[PDB]
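Shown next, in C-alpha cells, is the structure this report addresses.
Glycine also receives a Cβ, built like all others from the backbone with ideal geometry; neighbour counts cover every protein chain displayed. Each value in this text was obtained by applying a stated rule to the coordinates, not by laboratory testing.
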Protein chains: 4
Amino acid sequence: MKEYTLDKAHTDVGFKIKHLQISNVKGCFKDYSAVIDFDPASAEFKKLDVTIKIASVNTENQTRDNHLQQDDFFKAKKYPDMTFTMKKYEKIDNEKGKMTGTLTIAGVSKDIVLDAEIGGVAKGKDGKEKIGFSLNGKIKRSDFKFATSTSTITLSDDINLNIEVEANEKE
Amino acid sequence: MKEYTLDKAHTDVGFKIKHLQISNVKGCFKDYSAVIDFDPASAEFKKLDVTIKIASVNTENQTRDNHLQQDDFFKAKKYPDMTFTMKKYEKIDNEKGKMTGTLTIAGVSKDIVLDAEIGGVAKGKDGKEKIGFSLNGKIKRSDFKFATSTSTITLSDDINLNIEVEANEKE
Amino acid sequence: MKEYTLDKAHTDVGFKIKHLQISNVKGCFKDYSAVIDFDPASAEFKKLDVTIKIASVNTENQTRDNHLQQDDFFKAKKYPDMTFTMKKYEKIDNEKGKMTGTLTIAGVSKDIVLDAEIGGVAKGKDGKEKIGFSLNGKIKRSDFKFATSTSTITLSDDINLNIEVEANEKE
Amino acid sequence: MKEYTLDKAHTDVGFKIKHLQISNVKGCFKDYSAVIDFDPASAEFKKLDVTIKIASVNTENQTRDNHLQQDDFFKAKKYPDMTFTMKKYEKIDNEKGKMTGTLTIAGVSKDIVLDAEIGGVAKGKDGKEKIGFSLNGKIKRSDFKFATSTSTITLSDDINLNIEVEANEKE
C-alpha cells in the first residue's frame, strides 16, 4: 500500500449530461414573384398571387438550406416552387382583414387564412402609389404532409408565416 | 383597384419554426479533496475518499453555475459538498477493476460502481511514485432525487462521471 | 468445461429503450358563469363576460386535476377563478367575427382574440330565442406567466381554446 | 340587442394542450439459438454464441413489431438475424464477471461488454447440471448506425440489454 496526493493541475473531476433545448428557426426566401391588386379607396385586396422558388431558401446556414431541398423536405428537383393564390379578402376595417387562399407545397394544396395588417397607404416621393402590409398566419406541416418522416416532436407541426411587403405602383 | 410590384429590397417572405436540439453539458469541479491509497505491487485501491465543493462547479457558463447552487439543483447553502467513499475494489486485471462506493449528493446516499482503468504506474522524475487512472460510470438523478422538479425529458436522468486523476506519492 | 442448452421457456432475450410521445390533453371546466348580449338583427355581440371556477377543471383524470390547482399551475387557493371580458366585436360576416377581450389567469391579464363562428340563430320550441356559437383561439402560457416552472418543451407554450356555446333568451 | 343565458348541458368551455411523455419500450425475441460452454468448477464462461431472428421481435404491439422489420430499423429482409459472439470472459468473483463480445446488428459489428451475474449453479431434479445467469449492458444505436433516420431525441440512443437465461446440460 502507498499514499498519494492528487495533482489538481492534471486532474479533472468531470461529468456529462444530456439536455434538450427548444429554438426557433427563422427563414426567408431570396427569390419569389408576386402579383398585387389593391384598392386604396376601399382598403381591399383584389388579387394576390405569389410564387416562391424553394431553391432560394435561407435559414442563415448553408448546409441546412441544401438539406431542405431533399426528399425529407421540399423535393425541389420535382417541386421547385411554392405558390399562394388569394381566393377571398374579407375586410375587417381599413387596417385589418382576413385573407383566404390556396397554398401549394410540393404539389399538395390547402386553403389557408392569413391576417392582413395594412400598415401604410401613401403617394410616393414621385407622386406614384405605395403600400406596406403584412400577412401572418400559422400552417400545419401535417395538413400539407410536409416532412412526414420528421416527428412532430423534433420539429414543430406549426409553421408561422410572416410576409412583410413594401410595394410600388406599376408601369 | 390598382396594381403594385413588390420592392424586393424592403420585402421579407418569412417563416419561423420550432425545433428541439439535444446537447451534452460537460462540467467539472474546480475544488475537491481526496485521499488515495493504492498498492502498485498488486494494482489494487485500498482507500478512495473524495469530497467535492458543489460551489466550485464549472459548466463553462457563469449564470448556469449559479443556478446549480439553488433549490431545484444542489442546495449548496444547506449541502455545500458531495462525497464519495470507496467500499470495495474488485480487481479485474492490472489495468482494470470495478470500484464500489457511496456517493452522497445533497444528503442522499447511494452505492455506485465506477470502472477503474489504471493508465500508468511509474516512479517519477525524482524517483518518488506516480499513478494515473480514470473512474467512469453512469448515475441516475432519480436514484438521488436530484433536481426532481426538472423532467427526465428536458434533462437526462443519466449523468456520466468521468474522473481523470494524475497523482504523486505523499510526504 | 460443460455444455448447456437454453430452456427457452424460462429464458428471456430482452431489451428496454426510451422514447418520447406527444399527446393532446383535452379539458373543460364543469363550473363557469357568463353574461351574453347578442343582436340577431345584425349578428353582433354586445357584451360577453365569462367567469370560470378553476376548481371545476376536468382533464378526465382525478390526480392531474388536483395538481392543476397547485403553485406550479393555477394557485386556486389564491386565484380561484379565471375571467374573460369582451372589449370589441369586429363583424366579418353573419357567420364569423373577431372577438377581442381581456383574459385573466391567476391575476395576470392579457388581451386576446377569439374567432367567433355563429352556427345558428333560431326561435326555439316555445318561440323564445336561441343561439349557438363557437369561440376559438390560441393563447401562450408565456404571455400569462402560467406554469413558468414547466418547460415549453415538456408542455406546449400554446393552449387552444375551444368554447362551444348553446344558449337561450332571458326572463 | 338581446340577453341570453348559457345552457350548461350543451355548452363546453374547452381547451387542448400538447405535452411530451417519456416511456420505456420493453421487448424480447421469441426465436433465437445459443451455444453455451460454462465451467462450474471455476465459474467461467468458455464460449457464448447467440443468434437471434429479428423476425421474432415482440414489443407487445403487432404493428410496431412489423415496423421494426423495415428500412428505418432492422431491414430483416436483407439482415434476418442478429448475432453475439463471446470473445473474453473476465471473472470478478463466482457470482459476477465482465463478458466481452461482438454484437452484429444488420451487418454492423461492434465489441460490447455485458455484466454477467451468475444466479445459481445446481445439479437438477434428475442429477444433470443446470445454471441460471443474467447478462446486462447498455449499447448505443449510434455505434451500430441503427435507425439513423430516427432522432436521438424521439428514441433514445441507449438500448439496455437484459438477457435472462436458465439452461440445462447437453446430450
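Based on this model, can you work out whether D:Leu114 counts as within 24 Å of B:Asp158 (Cβ to Cβ), more than 14 Å from chain B (Cβ to nearest Cβ) and not in a helix (DSSP H, G or I)? In short, no. Looking only at residues of region A:136-171 that are assigned to a loop (DSSP other than H, G, I, E, B) and among the aliphatic types (A, V, I, L, M), we find that the one that is farthest from the other protein chains (Cβ to nearest Cβ) is A:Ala147.
Return a yes/no flag: does region A:1-14 have any residue that is within 27 Å of B:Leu6 (Cβ to Cβ), of a type in the set (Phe, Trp, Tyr) and touching a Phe, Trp or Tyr at 6+ places or on another chain (Cβ under 7 Å). For region A:1-14, residues within 27 Å of B:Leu6 (Cβ to Cβ), of a type in the set (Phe, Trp, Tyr) and touching a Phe, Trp or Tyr at 6+ places or on another chain (Cβ under 7 Å): absent. Based on this model, can you work out whether B:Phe15 counts as in a strand (DSSP E or B), in contact (Cβ under 8 Å) with a residue 12 or more places away in the chain and within 11 Å of another protein chain (Cβ to nearest Cβ)? Answer is no for this residue. Just one of the listed residues (B:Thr51, B:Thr5) is facing another protein chain (nearest Cβ under 7 Å), hydroxyl-bearing (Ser, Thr, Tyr) and either in a strand (DSSP E or B) or closer than 22 Å to B:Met99 by Cα (or both), namely B:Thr5. Screening B:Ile36 against (1) farther than 30 Å from A:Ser151 by Cα; (2) assigned to a strand (DSSP E or B); (3) aliphatic (A, V, I, L, M); (4) under 16 Å from the mean Cα position of the chain (by Cα) leaves a single unmet condition, (4). Note on region C:54-68: among residues that are aliphatic (A, V, I, L, M) and not in a strand (DSSP E or B), the one that is nearest to B:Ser149 (Cα to Cα) is C:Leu68. If the condition is being away from every other protein chain (no Cβ under 12 Å) and over 16 Å from the mean Cα position of the chain (by Cα), then region B:100-109 contributes B:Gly107, B:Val108, B:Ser109. If we scan region C:24-41, do we find a residue that is within 26 Å of D:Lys26 (Cβ to Cβ), facing chain D (nearest Cβ under 7 Å) and not hydrophobic (A, V, I, L, M, F, W, C)? Within region C:24-41 (the criterion being within 26 Å of D:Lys26 (Cβ to Cβ), facing chain D (nearest Cβ under 7 Å) and not hydrophobic (A, V, I, L, M, F, W, C)), the answer is yes, since at least one residue qualifies.
Of all the criteria given as (1) surrounded by 14 or more Cβ atoms within 10 Å (Cβ to Cβ); (2) among the hydroxyl-bearing types (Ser, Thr, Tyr); (3) free of Cβ contacts under 8 Å to residues at least 40 places away in the same chain, the one not satisfied by D:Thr63 is (1).
Which of (1) within 11 Å of another protein chain (Cβ to nearest Cβ); (2) in contact (Cβ under 8 Å) with a residue 12 or more places away in the chain; (3) loosely packed, with under 15 Cβ neighbours inside 10 Å; (4) charged (D, E, K, R) does B:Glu44 not meet, given it meets every other one? Of the numbered conditions (1) within 11 Å of another protein chain (Cβ to nearest Cβ); (2) in contact (Cβ under 8 Å) with a residue 12 or more places away in the chain; (3) loosely packed, with under 15 Cβ neighbours inside 10 Å; (4) charged (D, E, K, R), the odd one out for B:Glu44 is (3).
Give region A:127-171 a look and list any residue that's out of contact with any strand residue (DSSP E or B) (no Cβ under 9 Å at 6 or more places or on another chain) and farther than 30 Å from B:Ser23 by Cβ, or say none. Of everything in region A:127-171, just one residue is out of contact with any strand residue (DSSP E or B) (no Cβ under 9 Å at 6 or more places or on another chain) and farther than 30 Å from B:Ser23 by Cβ, namely A:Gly127.
In the condition set (1) in contact (Cβ under 8 Å) with a residue 24 or more places away in the chain; (2) surrounded by 15 or more Cβ atoms within 10 Å (Cβ to Cβ), D:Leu68 is compliant with all but (1).
Conditions tested, residue by residue: (1) within 30 Å of A:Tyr4 (Cβ to Cβ); (2) polar (S, T, N, Q).
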residue	(1), (2)
B:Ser42	yes, yes
B:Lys47	yes, no
B:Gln62	no, yes
B:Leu68	yes, no
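Among the residues of region B:155-170, is there at least one that is over 30 Å from C:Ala147 (Cβ atoms) and surrounded by fewer than 14 Cβ atoms within 10 Å (Cβ to Cβ)? There is at least one residue in region B:155-170 that is over 30 Å from C:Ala147 (Cβ atoms) and surrounded by fewer than 14 Cβ atoms within 10 Å (Cβ to Cβ). Scanning region B:80-107 for residues that are exposed (fewer than 15 other Cβ atoms within 10 Å of the Cβ) and closer than 18 Å to B:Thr148 by Cα turns up just one, B:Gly107. Just one of (1) surrounded by fewer than 17 Cβ atoms within 10 Å (Cβ to Cβ); (2) under 30 Å from A:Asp157 (Cα atoms); (3) within 12 Å of another protein chain (Cβ to nearest Cβ); (4) small (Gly, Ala, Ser) fails for C:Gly124. It is (2). Considering the conditions (1) at positive phi; (2) under 16 Å from the mean Cα position of the chain (by Cα); (3) among the basic types (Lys, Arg), C:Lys53 is excluded by exactly one of them, (1).
Across region D:69-85, the qualifying residues are those that are in a strand (DSSP E or B) and more than 13 Å from D:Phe29 (Cα to Cα), and the one among them that is farthest from the chain's Cα centre (by Cα) is D:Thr85.
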